[PDB]
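Beneath this line is the structure, given in structure tokens, with notes to follow.
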Amino acid sequence: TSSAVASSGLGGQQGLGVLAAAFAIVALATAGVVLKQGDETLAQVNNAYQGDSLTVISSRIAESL
Amino acid sequence: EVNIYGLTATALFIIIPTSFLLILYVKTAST
Amino acid sequence: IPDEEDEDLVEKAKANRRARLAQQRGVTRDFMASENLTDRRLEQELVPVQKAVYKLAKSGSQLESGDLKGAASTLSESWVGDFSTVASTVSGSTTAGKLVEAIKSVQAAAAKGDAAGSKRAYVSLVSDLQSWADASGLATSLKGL
Amino acid sequence: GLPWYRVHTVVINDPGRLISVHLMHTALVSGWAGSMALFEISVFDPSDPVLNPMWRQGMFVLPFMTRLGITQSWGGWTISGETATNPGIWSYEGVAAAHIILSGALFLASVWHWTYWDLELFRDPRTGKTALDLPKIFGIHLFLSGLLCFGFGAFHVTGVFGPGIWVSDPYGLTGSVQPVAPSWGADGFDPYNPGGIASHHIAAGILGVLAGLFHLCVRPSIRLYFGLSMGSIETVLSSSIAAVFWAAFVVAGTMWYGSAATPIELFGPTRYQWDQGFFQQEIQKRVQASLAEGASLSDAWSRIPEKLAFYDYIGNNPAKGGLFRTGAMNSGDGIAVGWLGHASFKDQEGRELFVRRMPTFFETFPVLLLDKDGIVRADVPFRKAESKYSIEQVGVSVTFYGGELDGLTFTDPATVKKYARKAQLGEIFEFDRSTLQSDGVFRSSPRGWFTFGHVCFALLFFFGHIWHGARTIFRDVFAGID
Amino acid sequence: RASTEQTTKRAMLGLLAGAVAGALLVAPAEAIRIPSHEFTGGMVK
Amino acid sequence: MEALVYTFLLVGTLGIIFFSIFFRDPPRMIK
Amino acid sequence: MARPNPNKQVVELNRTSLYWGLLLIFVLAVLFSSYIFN
Amino acid sequence: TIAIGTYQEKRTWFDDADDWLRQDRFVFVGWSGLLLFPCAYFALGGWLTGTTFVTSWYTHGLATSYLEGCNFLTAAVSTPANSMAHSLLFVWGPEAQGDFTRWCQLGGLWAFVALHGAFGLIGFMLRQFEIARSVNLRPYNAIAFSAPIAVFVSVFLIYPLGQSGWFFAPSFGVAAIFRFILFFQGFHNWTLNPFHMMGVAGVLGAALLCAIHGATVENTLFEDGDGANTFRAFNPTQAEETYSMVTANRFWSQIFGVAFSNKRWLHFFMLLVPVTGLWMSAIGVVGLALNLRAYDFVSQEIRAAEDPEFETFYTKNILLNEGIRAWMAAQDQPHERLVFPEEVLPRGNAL
Amino acid sequence: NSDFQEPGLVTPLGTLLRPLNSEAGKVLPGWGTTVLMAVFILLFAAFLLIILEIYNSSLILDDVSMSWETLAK
Amino acid sequence: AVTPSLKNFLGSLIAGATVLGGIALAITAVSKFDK
Ligand code: CLA
Ligand code: CLA
Ligand code: CLA
Ligand code: CLA
Ligand SMILES: C=Cc1c(C)c2cc3nc(c4c5[nH]c(cc6nc(cc1[nH]2)C(C)=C6CC)c(C)c5C(=O)[C@@H]4C(=O)OC)[C@@H](CCC(=O)OC/C=C(\C)CCC[C@H](C)CCC[C@H](C)CCCC(C)C)[C@@H]3C
Ligand SMILES: CCCCCCCCCCCCCCCC(=O)OC[C@H](COP(=O)(O)OC[C@@H](O)CO)OC(=O)CCCCCCCCCCCCCCC
Ligand SMILES: CC1=C(/C=C/C(C)=C/C=C/C(C)=C/C=C/C=C(C)/C=C/C=C(C)/C=C/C2=C(C)CCCC2(C)C)C(C)(C)CCC1
Ligand SMILES: CC1=C(/C=C/C(C)=C/C=C/C(C)=C/C=C/C=C(C)/C=C/C=C(C)/C=C/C2=C(C)CCCC2(C)C)C(C)(C)CCC1
């Protein structure tokens, strides 16, 4: 009966809980990896276009006075 | 005093094994 | 075995090693650009400064005319902090402090009356920023994207 | 009365004492890691990251921390040569202190498990005698190892939660710690592709889990149980020795030949880059491209970064070294301080001469200035030997392009001879030799020492595997029983 | 140019080689094998 | 300093040889 | 402090083993000292 | 409970195969045979073919074959060219492209022989284990053979793997091995390595032990035969040993100073000395594979450079190594394309 | 001795983990699942050969370049 | 694409499988004949 109890315990716990935890972790991680590889590959910051003026001319505007 | 680290290495290599062996021999000889 | 030689200009090379290290950044960047590779190491910490310099240049251009008081509004739209932290990374708590002091001072001067004092502070800030860029060795990369 | 070499076998039966012993070994290794981290941080000189990198200062565990994302330090400096303002909890000192604390905690746990050796957990319900269910223990441990491997591959290297790993350009000029998106195609199996790492640590990871599950739920066959003697703890020792043996060769080979896990910017260049003229070819291609674009030779040679030229120097070759030439590379030929420049040799006729570079084998190599056709045109006699082609006679002159000696020229035979002897080693460089009292003999980089140590350990562990497998299969004969 | 210059010595040497080889291969094998029968013929394993 | 170390090591080896020759444990196990 | 461990033997080292060990260490030192000192 | 013993189940194909393999015939095949007999066979075959027909003209620029006019001492199976750095040189690989003639010309026969020989060594060690298990004996022969297999693995696989390619591995020949030895002397100063010193001590001490043990056993024999020849006065089924341990112990204790008093310890010492020596040699050659050679004695070099009037035998050995390297590199390494003029070749009269 | 010299110490973690170390020695009849092990060993050997030949340049694929130059993507 | 080297490697796998199968069939046939 020692092995009977061991078999019941393993078939329950190491047959359900381990599978559930492994599947949950694997699904979470793989979903995150796929989402971040297919959606966000480069960092985007700032916006707007600007090339009209450069600092040199603006500095040259206010040294006479 | 040339190659202080070399002298230290040689001294330790001669002392630690020698002390270990002598301690073991004394410990067993009491039997 | 190789002999001593090496004369005595080793002191000359060792004394001004920081300047050569700073200047080598531009050479490395040009090498990468010609090789058609991506630095992906210094360009990331440089885009925030690039945007900062563009925004400051526009602030100056639209403040010199004195046609808009919003200079102060756009001056501190959560971009000065990024420039300050990256500058401290490059230099650290000594030049970055001066740059943040100058930028806050010019912002205050513009917000007060946009008087001649604000323009003088802006000119001093531009000169200091140019000198800092020259010293840091990035001067060849800031301008013209 | 056990002999001195059969002493530890007193722990071969009781699992509690075995656990205590293993905890002590783990504590010792972790403490060593922390202590070396602290020692190298104390000895490290971070001022110059271009001509005085980690691999030139003899650092060993610092590159292994940097390869996974540790860059800053509490001293204010960074491995990049910049300055850090908010180092955070995870710095070199923080990692070392963490390892030391773990060593102490493991020591306390070891003494506890040594004191309370007799636990009901180690006695099976039937026959009430000490026993370990090795297949199920292996299943649990494999499940955990696969889970950790998958976590590392999908959360640390890929950067979704972690910092990433160290990726660099082919020539090791600009590298840093970045996320590594997995690569699944056939390009994920060449080890110079960092992506192949991440993908691996996912795939294998998952399999581990599955394998673990199997080994938890399926018992070994009786034929396999008796064939491999799965009831004894010595067969597992033999197999584990074989596994670490195999891993030791694999890692030594990857370190020696190079991989995406051993960047040249942390461990230094490999000898196969010097043998095949990797950096030399790149420098020449860039100079020729600049010349074709149209520019002065001095200008063309002044656009090559000092780092690339430094890689093109035989002193950085891990092959050039000695078994008892102890210490860092800086202590062999001095601390590099600057790049003199590219030396071009021209005879009186006008045709350019090129110095024959020293092959890796030769401890000392004669200097031969030869033209573009491979014909020897000048050299230095062995030692006060009768000369027919000599620097004095042929009258070669050396002109320097780029570097500190940019545009200068020399004609006196003594300086041309000295620079010709310096040139066979590769790119000329300038060395401060009075700081570390460097003797003048080349030392080996961390690559060489790592490879040597791990291959030696691999051979010794092959012998250990043989011995322990023999003592497993022949257990009855060794014990003199039925 | 390389080519054998001897015509009929091949057969004369081959006959002797075969005749000698037969005996020289059967005899030592016999000498070594008889003890092998003796050892594996009642006291083995 | 190196000469003294070498001489000490050689003298130690000679002394060990002498002690093994003359102060050995008696071989009554088989005799 | 739970129960004396039955698996408690003692290491024993006869004189010949001591001489062998001392000779080994001293001879290795003789061989490697010149290399260590360079 | 449902207990079980050993071999209480139905028979299987594995049982029949095992029974056939482990029979009692002239040659014990065993399972290891399936790995040993083919591989080793080919190895030998390869070498013989290699030493009889193929040439190393296109690999080393040499002529090493009986068909080209070479002795038994000069014939060899030369290593491939340095261009094929570490290619395993499969017949179907990108180099040979499936052409057997070009495969032989490229030097792939050396790789064939080396790999098949390594696996033959593995099979032989497994065979020793299997025989010992079959006759219920401790497999110390397996360790004694772990020594030479370690030496072979080091020299023939780890050294070339750490170098630029197979070209610098030993070539299977007498003069080839002599070239290998002189190359190590010239380029690595292998004689000055502490590990070759340990190996030399081990090997010479093993020879000394063999000779002394044989002489002592043959000269302390017990008189158990009337005839003047002592070889027939012995049968394998004896009870007592055939030599007097007491007399030998006293003799070697009065002549030398120390003597053995235990057969097991004596024979284990005989086993131990060569194995340790060869393992140390293997470690040394592993070190050499990365050019981590014992060459410098930096203090001596500095002192010699400072004043020319200081010459020790070490300096003379260094000069001899310089000569060896300079005069050998021209032809021993054709891929370098080295042309040393007579002016720059090292010479004694130029000192 | 009686029950291997009286029962051992009992701890909450010991009782929690006892099931994982109770069925020691249990085996399946016959060869069990050794054939699957052989199949997986053969597949693993093929995989190791593939990677070794890719890393030895004895197996050139289109996608892989097998040199430092692949670090520039 | 299937490069020629890949085709040769696959052929090598096939040939080695054939050799192992030949050894297995030899031992099987002889063992069955003798038992
Ligand atoms: C495989 C592991 C490994 C590797 C690859 C390295 C590699 C390195 N270490 Mg580290 N180290 C290690 C383990 C390792 N170490 C351990 C376990 C310790 C703790 C003791 C240290 C402590 C340590 C310090 C304190 C220092 C280094 C330094 C170095 C560098 C210089 C080369 C060297 O070690 O000296 C050359 C190696 C040798 C001379 C050893 C020769 C090996 C032979 C085979 C041993 C033979 C022993 C012989 C039987 C007995 C001789 C007796 C004789 C002494 C009388 C190099 C980067 C130095 C450095 O530059 O760092 C900044 C330095 O200062 N290491
Ligand atoms: C996973 C690794 C591992 C483990 C757990 C063991 C465990 C064991 N071995 Mg095995 N062994 C190993 C690796 C390992 N060995 C390797 C790699 C080799 C090849 C050299 C051997 C060769 C070997 C032999 C030949 C024998 C054993 C024996 C033993 C048992 C007694 C330990 C002993 O020698 O007394 C304790 C030994 C000492 C106190 C002496 C230590 C002095 C050493 C030589 C120098 C100092 C080492 C240094 C401080 C640390 C080096 C670190 C390095 C490993 C990185 C024990 C079960 C013995 C046994 O039971 O068989 C009957 C035995 O005869 N082992
Ligand atoms: C047991 C005996 C044995 C052993 C150990 C070896 C071992 C070796 N031989 Mg030798 N050889 C042998 C017998 C043997 N051979 C015989 C009998 C012959 C005569 C026919 C030869 C003729 C021969 C030649 C002519 C050559 C070798 C070579 C080699 C080497 C390359 C091995 C290789 O890639 O093969 C292939 C290895 C395998 C196929 C491993 C088995 C993997 C199986 C098939 C997996 C199957 C699972 C699955 C279906 C695969 C899925 C993937 C895909 C199909 C989808 C290696 C050292 C070569 C070499 O390196 O020389 C330098 C070489 O040129 N051998
Ligand atoms: C007193 C002089 C002396 C002595 C005693 C030695 C002793 C030794 N030297 Mg040498 N050496 C010396 C001077 C000396 N050296 C000098 C002055 C030089 C110049 C530098 C060298 C250069 C040198 C080199 C370059 C090498 C040695 C090596 C060795 C070791 C050889 C181990 C061995 O058996 O390998 C030979 C045995 C094998 C390779 C094992 C393979 C055996 C296979 C399985 C048998 C194959 C079956 C075969 C077909 C059956 C046919 C049998 C038939 C022949 C009857 C040994 C310790 C070698 C060594 O061990 O390094 C690790 C080595 O590589 N030495
Ligand atoms: C010159 C050195 C040397 C040689 C040639 C040698 C040879 C041999 N020793 C054997 C055994 C041993 N040797 C032992 C200890 C030692 N052996 C040593 C040194 C040697 N031992 C040393 C120094 C030790 C002390 C540790 C032990 C303990 C054993 C044994 O148990 C064993 C035995 O039973 O001896 C009677 C035999 C192994 C048979 C074999 O290869 O299996 C079959 C495998 C084969 C044939 C594959 C080898 C293929 C090789 C690698 C390819 C090259 C073959 C060409 C012919 C090379 C020619 C090279 C030219 C230079 C001539 C063989 C007769
Ligand atoms: C099934 C094999 C039956 C035996 C074949 C004859 C064996 C004797 C060969 C003597 C050399 C003659 C040239 C043959 C070589 C040859 O002509 O190959 C040619 C063949 C096809 O190449 P192709 O000529 O089609 O290539 C032409 C171009 O497309 C190349 O780019 O390559 C293969 O497919 C592999 C053949 C392996 C043949 C060797 C069999 C042994 C394999 C290794 C066994 C390992 C066992 C490991 C067990 C663990
Ligand atoms: C308790 C504790 C603590 C502390 C602790 C500590 C602090 C520790 C330390 C520790 C340590 C500090 C450790 C160390 C260790 C070391 C080692 C373990 C070493 C080893 C070595 C070796 C092993 C070597 C080897 C060798 C050599 C010598 C060289 C080469 C060769 C050979 C390899 C042989 C505290 C209070 C905080 C809290 C609570 C816990
Ligand atoms: C082709 C090939 C192969 C195979 C091969 C083989 C397997 C071979 C074998 C071979 C063999 C198996 C050979 C043998 C040989 C032998 C010889 C060559 C012998 C010689 C002898 C002698 C020379 C002697 C002498 C003498 C004597 C002893 C007597 C008298 C005296 C004298 C001294 C005269 C294969 C396809 C796989 C792959 C590829 C390659």
Side-chain angles (χ1 to χ4, degrees), chain B residues 8-9 12-13 16, chain D residues 24-39 60 96-111 323 326 449 452-454 456-457 460, chain E residues 17 20-21 24-25 28, chain G residues 32 36, chain H residues 34-35 37-54 66 71-72 75 77 88-104 108-113 115-116 119 122-123 283, chain I residues 41-42 45-46 48-49 59-60, chain J residues 2-24:
Chain B
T8 304
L12 264 51
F13 182 72
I16 300 300
Chain D
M24 181 61 72
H25 183 277
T26 307
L28 285 181
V29 56
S30 180
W32 168 89
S35 70
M36 294 299 291
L38 286 176
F39 167 73
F60 186 54
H99 276 79
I100 284 172
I101 290 171
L102 180 63
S103 172
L106 294 176
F107 167 88
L108 289 179
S110 171
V111 64
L323 185 59
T326 73
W449 287 119
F452 169 66
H454 278 64
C456 289
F457 285 138
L460 297 183
Chain E
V20 170
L24 288 187
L25 183 63
Chain G
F32 279 88
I36 291 304
Chain H
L34 309 180
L35 176 60
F37 290 111
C39 291
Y41 177 57
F42 291 129
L44 277 296
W47 181 69
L48 292 156
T49 305
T51 48
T52 308
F53 301 109
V54 299
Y66 302 141
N71 297 115
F72 162 64
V77 189
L88 290 162
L89 276 171
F90 302 140
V91 183
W92 58 86
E95 298 86 1
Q97 303 266 6
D99 197 309
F100 177 84
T101 310
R102 311 306 177 193
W103 182 60
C104 282
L109 212 67
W110 180 96
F112 179 91
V113 169
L115 300 186
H116 277 101
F119 284 103
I122 295 170
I283 295 299
Chain I
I41 286 174
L42 292 184
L48 288 181
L49 277 173
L59 168 59
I60 297 89
Chain J
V2 184
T3 64
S5 187
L6 181 63
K7 181 198 137 194
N8 284 127
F9 168 72
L10 266 45
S12 66
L13 288 184
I14 293 293
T18 289
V19 163
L20 291 180
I23 285 175

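The sequence lines fix the lettering, A, B, ..., with proteins before strands; numbering per chain opens at 1. Atoms considered below: every heavy atom in the structure, side chains included; atoms not considered: hydrogens, waters and symmetry mates. Each ligand, and each atom within it, is numbered from 1 in the order the structure gives.
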- [ ] Please write down residue, atom name and distance for the protein heavy atom closest to atom 20 (C) of ligand 7.
- [x] D/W32 CD1, 4.6 Å
Task: Protein contact of atom 17 (O) of ligand 6 - nearest heavy atom, named by residue and atom, plus distance - done: H/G98 O, 3.7 Å
Open item on the list: Tell me the protein heavy atom at minimum distance from atom 9 (C) of ligand 8, and give that distance in Å.
Closed with: H/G45 CA, 3.3 Å
- [ ] Can you measure from NE2 (D/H25) to OG (D/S30) and round to the nearest 0.5 angstrom?
- [x] 12.0 Å
Task: Closest protein heavy atom to atom 35 (C) of ligand 8, given as residue, atom name and distance to 0.1 Å - done: H/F112 CZ, 4.5 Å
Task: Per-atom contacts, ligand 6 versus J/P4 - under 4.0 Å to a heavy atom - done: 31 (O)
Task: Contact bool for atom 25 (C) of ligand 7 (protein heavy atom, d < 4.0 Å) - done: no
- [ ] Determine whether more than 12 heavy atoms belonging to other residues, nucleotides or ligands lie under 6.0 Å from atom CZ of H/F119.
- [x] no
Task: Minimum-distance protein heavy atom relative to atom 33 (C) of ligand 7 - done: D/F457 CZ, 4.1 Å
TODO: Name the closest protein heavy atom to atom 40 (C) of ligand 7, giving the residue it belongs to and the distance to 0.1 Å.
DONE: D/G104 CA, 3.4 Å
Open item on the list: Using a 4.0 Å cutoff against the non-hydrogen atoms of H/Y41, which atoms of ligand 8 qualify?
Closed with: 7 (C)
Task: atom 24 (O) of ligand 6 - nearest protein heavy atom and its distance - done: H/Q97 O, 4.4 Å
- [ ] Say whether D/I100 and ligand 7 are in contact under the criterion: heavy-atom distance to a ligand atom below 4.0 Å.
- [x] yes
TODO: Write down the atom of J/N8, the atom of H/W92, and the distance for their closest heavy-atom approach.
DONE: CB-O, 3.2 Å
- [ ] Do me a favour and list the nearest non-hydrogen protein atom to atom 4 (C) of ligand 8 with residue, atom name and distance?
- [x] H/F42 CD2, 4.2 Å
Open item on the list: Checking a contact table here: which protein heavy atom is nearest atom 10 (C) of ligand 7, and how many Å away?
Closed with: D/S103 OG, 4.2 Å
TODO: Considering only non-hydrogen protein atoms, determine which one is nearest to atom 45 (C) of ligand 6 and report residue, atom name and distance to 0.1 Å.
DONE: J/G16 CA, 3.9 Å
- [ ] Can you confirm whether something in the protein, heavy atoms only, sits under 4.0 Å from atom 7 (C) of ligand 7?
- [x] yes
TODO: Specify whether the nearest protein heavy atom to atom 29 (C) of ligand 7 is under 4.0 angstrom away.
DONE: no
Task: Heavy-atom nearest neighbour in the protein, as seen from atom 34 (O) of ligand 6, with distance rounded to 0.1 Å - done: J/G11 CA, 3.7 Å
- [ ] Scan the protein's non-hydrogen atoms and note whether one is under 4.0 Å from atom 21 (C) of ligand 6.
- [x] yes
TODO: Grab the two heavy atoms, one from H/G50 and one from H/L109, that are nearest each other, plus how far apart they are.
DONE: CA-CD2, 3.3 Å
Task: Heavy-atom side-chain contact between H/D99 and H/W103 under 4.5 Å - done: no
Open item on the list: Quick check on atom 2 (C) of ligand 7 - does any protein heavy atom sit closer than 4.0 Å to it?
Closed with: yes
Open item on the list: Within the protein, is there a heavy atom lying under 4.0 Å from atom 37 (C) of ligand 8?
Closed with: yes
Open item on the list: Evaluate J/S12 for polar contact with ligand 6, using N/O atom pairs at a separation under 3.5 Å.
Closed with: no
Task: Closest protein heavy atom (residue, atom, distance) for atom 12 (C) of ligand 6 - done: H/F100 CD1, 4.4 Å
Task: Residue, atom name and distance, where the atom is the protein heavy atom closest to atom 14 (C) of ligand 6 - done: H/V91 CG1, 4.4 Å
- [ ] Report, in ascending order of atom number, the atoms of ligand 6 lying under 4.0 Å from any heavy atom of J/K7.
- [x] 25 (O)
Open item on the list: On a heavy-atom basis, I'd like to know which of H/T49, H/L48, H/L109, H/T52 is closest to atom 5 (C) of ligand 8.
Closed with: H/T49
- [ ] Quick one: look up the protein heavy atom nearest atom 11 (C) of ligand 7 and list residue, atom name and how far away it is.
- [x] D/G31 CA, 4.2 Å
Open item on the list: Going by a strict under-4.0 Å cutoff (protein heavy atoms only), does atom 15 (C) of ligand 8 have a neighbour on the protein?
Closed with: yes
- [ ] Provide the closest heavy-atom pair for H/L89 versus H/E95 in the form atom of the first, atom of the second, distance.
- [x] CD2-CB, 4.1 Å
Task: Heavy-atom nearest neighbour in the protein, as seen from atom 43 (C) of ligand 6, with distance rounded to 0.1 Å - done: H/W92 CH2, 4.1 Å
Open item on the list: Does any N or O of ligand 6 fall below 3.5 Å from an N or O anywhere on J/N8, backbone included?
Closed with: yes
- [ ] Would you mind telling me if ligand 6 is within reach of the side chain of J/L20, the backbone, both or neither, using heavy atoms under 4.0 Å?
- [x] side chain
Open item on the list: For atom 18 (C) of ligand 7, is there a protein heavy atom at a distance under 4.0 Å?
Closed with: yes
Open item on the list: I'd like to know if H/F72 contacts ligand 8, where contact means a heavy-atom distance under 4.0 Å to any ligand atom.
Closed with: no
- [ ] Please work out whether the ring planes of H/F112 and H/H116 are parallel, tilted or perpendicular, with thresholds of 30° and 60°.
- [x] tilted
- [ ] Around atom 39 (C) of ligand 8, find the nearest protein heavy atom and jot down its residue, atom name and distance.
- [x] H/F100 CE1, 3.7 Å
Task: D/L106 CG to D/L28 CG distance, which is reported to the nearest 0.5 Å - done: 10.0 Å
Task: Shortest protein heavy-atom distance from atom 2 (C) of ligand 6, along with the residue and atom involved - done: J/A15 CB, 4.0 Å
